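**Q** The structure follows.
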Amino acid sequence: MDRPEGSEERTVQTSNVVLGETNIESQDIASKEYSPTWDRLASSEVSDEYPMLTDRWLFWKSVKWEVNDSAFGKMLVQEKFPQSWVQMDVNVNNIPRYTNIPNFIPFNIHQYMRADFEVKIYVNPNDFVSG
Amino acid sequence: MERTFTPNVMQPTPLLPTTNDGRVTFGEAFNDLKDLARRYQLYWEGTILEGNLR
């Protein structure tokens, strides 16, 4: 910290959401990136796209891990993807609904769907821990 | 011609893109019944004993 403001925070914008980061990332890609061609052979109905809704960085879970429950191989998250994320808005009976989250609103009126995904993991520790 | 007569067509979506009768997804085409009729099938089969002969 050497400025009146703390220092410069990098910014990443998508749709109407802006994420701030301050450090150098760790990155990877599950498989080779590509543009699909055989999806057009599956449905004669025109495939709708809602980029301002879907290309939006959305907040998922927060999971709290403590020193007393942190062992080698401890699973902070084990979730079916993207099922668990798209179905994260449940009712009193733990039944999911696609009706409230704008990113998921197209899932309610369509039977079949496809997309590529990106997942960010944010941890904000102090200067004096290790893990 | 009545057998293929299709009046007052009402089509909500465009047609489905072709695969050339399966040639795009599988390595071969399937467009003619004549080709299938050239794949052998059982015509007749039986067992014959000495008692069935002269």
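As shown in the structure tokens, the chain order sets the letters A, B, ...; within each chain, residues go from 1, and ligands are also counted from 1 in the order they appear.
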As a count of residues only, please: the residues near region 78-83 of chain A (cut-off 12 Å, only C-alpha atoms, same-chain neighbours under 3 positions excluded).

**A** 22

**Q** Which residues of chain A are close to chain B, meaning at most 6 Å apart when you count only C-alpha atoms, and how do they look as a VMD selection string?

**A** chain A and resid 41 44 to 45

**Q** Using only N, CA and C atoms, please write the residues we just selected to a file, as a PDB file, in the first residue's frame.

**A**
ATOM      1  N   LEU A  41     -28.024 -29.857 -36.233  1.00  0.00           N
ATOM      2  CA  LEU A  41     -28.632 -31.079 -36.753  1.00  0.00           C
ATOM      3  C   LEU A  41     -29.603 -31.697 -35.759  1.00  0.00           C
ATOM      4  N   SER A  44     -34.727 -28.289 -35.528  1.00  0.00           N
ATOM      5  CA  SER A  44     -35.071 -27.440 -36.662  1.00  0.00           C
ATOM      6  C   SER A  44     -35.593 -26.076 -36.205  1.00  0.00           C
ATOM      7  N   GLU A  45     -35.987 -25.980 -34.937  1.00  0.00           N
ATOM      8  CA  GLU A  45     -36.408 -24.702 -34.368  1.00  0.00           C
ATOM      9  C   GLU A  45     -35.191 -23.817 -34.108  1.00  0.00           C
TER      10      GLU A  45
END

**Q** Would you mind listing what lies within 9 Å of residue 54 (chain A) as a PDB file with C-alpha atoms, in the first residue's frame, with only C-alpha atoms counted and same-chain residues fewer than 6 positions away left out?

**A**
ATOM      1  CA  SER A  15     -23.303  -7.324 -19.166  1.00  0.00           C
ATOM      2  CA  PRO A 102     -32.469 -13.402 -15.072  1.00  0.00           C
ATOM      3  CA  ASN A 103     -29.570 -15.633 -16.134  1.00  0.00           C
ATOM      4  CA  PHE A 104     -31.764 -18.704 -15.660  1.00  0.00           C
ATOM      5  CA  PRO A 106     -34.439 -18.785 -20.415  1.00  0.00           C
TER       6      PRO A 106
END

**Q** Record the distance separating CA of residue 37 (chain A) and CA of residue 105 (chain A), expressed in Å with one decimal.

**A** 25.2 Å

**Q** Could you state the separation of CA of residue 56 (chain A) and CA of residue 16 (chain A) in Å, given to one decimal place?

**A** 7.3 Å

**Q** How would you write, as a ChimeraX atom specification, the set of residues in region 8-108 of chain A that DSSP gives as strand (DSSP E or B)?

**A** /A:10-14,17-21,90,96

**Q** Give me every alpha helix (DSSP H) residue in chain B, going by DSSP on the backbone, as an MDAnalysis selection string.

**A** chainID B and resid 33:36

**Q** Please provide the set of residues having any atom within 10 Å of region 19-21 of chain A, restricted to only C-alpha atoms, with same-chain residues fewer than 4 positions apart removed, written as a PDB file with N, CA, C and O atoms, in the first residue's frame.

**A**
ATOM      1  N   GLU A   8      -4.041  -0.067  -7.406  1.00  0.00           N
ATOM      2  CA  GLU A   8      -4.964  -0.234  -8.517  1.00  0.00           C
ATOM      3  C   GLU A   8      -5.591  -1.621  -8.519  1.00  0.00           C
ATOM      4  O   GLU A   8      -4.899  -2.632  -8.410  1.00  0.00           O
ATOM      5  N   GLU A   9      -6.912  -1.657  -8.654  1.00  0.00           N
ATOM      6  CA  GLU A   9      -7.633  -2.918  -8.722  1.00  0.00           C
ATOM      7  C   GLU A   9      -8.090  -3.192 -10.145  1.00  0.00           C
ATOM      8  O   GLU A   9      -8.832  -2.406 -10.735  1.00  0.00           O
ATOM      9  N   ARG A  10      -7.644  -4.320 -10.689  1.00  0.00           N
ATOM     10  CA  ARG A  10      -8.027  -4.733 -12.028  1.00  0.00           C
ATOM     11  C   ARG A  10      -9.539  -4.944 -12.097  1.00  0.00           C
ATOM     12  O   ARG A  10     -10.173  -5.293 -11.102  1.00  0.00           O
ATOM     13  N   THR A  11     -10.119  -4.727 -13.271  1.00  0.00           N
ATOM     14  CA  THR A  11     -11.563  -4.818 -13.406  1.00  0.00           C
ATOM     15  C   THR A  11     -11.969  -5.704 -14.591  1.00  0.00           C
ATOM     16  O   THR A  11     -11.297  -5.737 -15.623  1.00  0.00           O
ATOM     17  N   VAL A  12     -13.061  -6.444 -14.414  1.00  0.00           N
ATOM     18  CA  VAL A  12     -13.601  -7.302 -15.465  1.00  0.00           C
ATOM     19  C   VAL A  12     -15.111  -7.111 -15.581  1.00  0.00           C
ATOM     20  O   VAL A  12     -15.855  -7.428 -14.655  1.00  0.00           O
ATOM     21  N   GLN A  13     -15.561  -6.594 -16.722  1.00  0.00           N
ATOM     22  CA  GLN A  13     -16.979  -6.302 -16.909  1.00  0.00           C
ATOM     23  C   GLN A  13     -17.653  -7.257 -17.895  1.00  0.00           C
ATOM     24  O   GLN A  13     -17.078  -7.629 -18.918  1.00  0.00           O
ATOM     25  N   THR A  14     -18.884  -7.638 -17.571  1.00  0.00           N
ATOM     26  CA  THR A  14     -19.723  -8.431 -18.460  1.00  0.00           C
ATOM     27  C   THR A  14     -21.188  -8.082 -18.189  1.00  0.00           C
ATOM     28  O   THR A  14     -21.623  -8.021 -17.035  1.00  0.00           O
ATOM     29  N   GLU A  25      -3.881 -14.507 -11.655  1.00  0.00           N
ATOM     30  CA  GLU A  25      -4.724 -15.696 -11.532  1.00  0.00           C
ATOM     31  C   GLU A  25      -4.043 -17.032 -11.801  1.00  0.00           C
ATOM     32  O   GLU A  25      -2.931 -17.102 -12.331  1.00  0.00           O
ATOM     33  N   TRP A  57     -21.692 -12.559 -15.378  1.00  0.00           N
ATOM     34  CA  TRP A  57     -21.031 -13.187 -14.226  1.00  0.00           C
ATOM     35  C   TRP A  57     -21.978 -13.183 -13.031  1.00  0.00           C
ATOM     36  O   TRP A  57     -22.328 -12.121 -12.516  1.00  0.00           O
ATOM     37  N   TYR A 122     -13.153 -16.992  -5.566  1.00  0.00           N
ATOM     38  CA  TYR A 122     -12.616 -15.857  -4.825  1.00  0.00           C
ATOM     39  C   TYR A 122     -12.412 -16.158  -3.340  1.00  0.00           C
ATOM     40  O   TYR A 122     -13.361 -16.500  -2.632  1.00  0.00           O
TER      41      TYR A 122
END

**Q** How many Å separate CA of residue 85 (chain A) from CA of residue 72 (chain A)?

**A**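 Result for CA of residue 85 (chain A) versus CA of residue 72 (chain A): 25.4 Å, one decimal.
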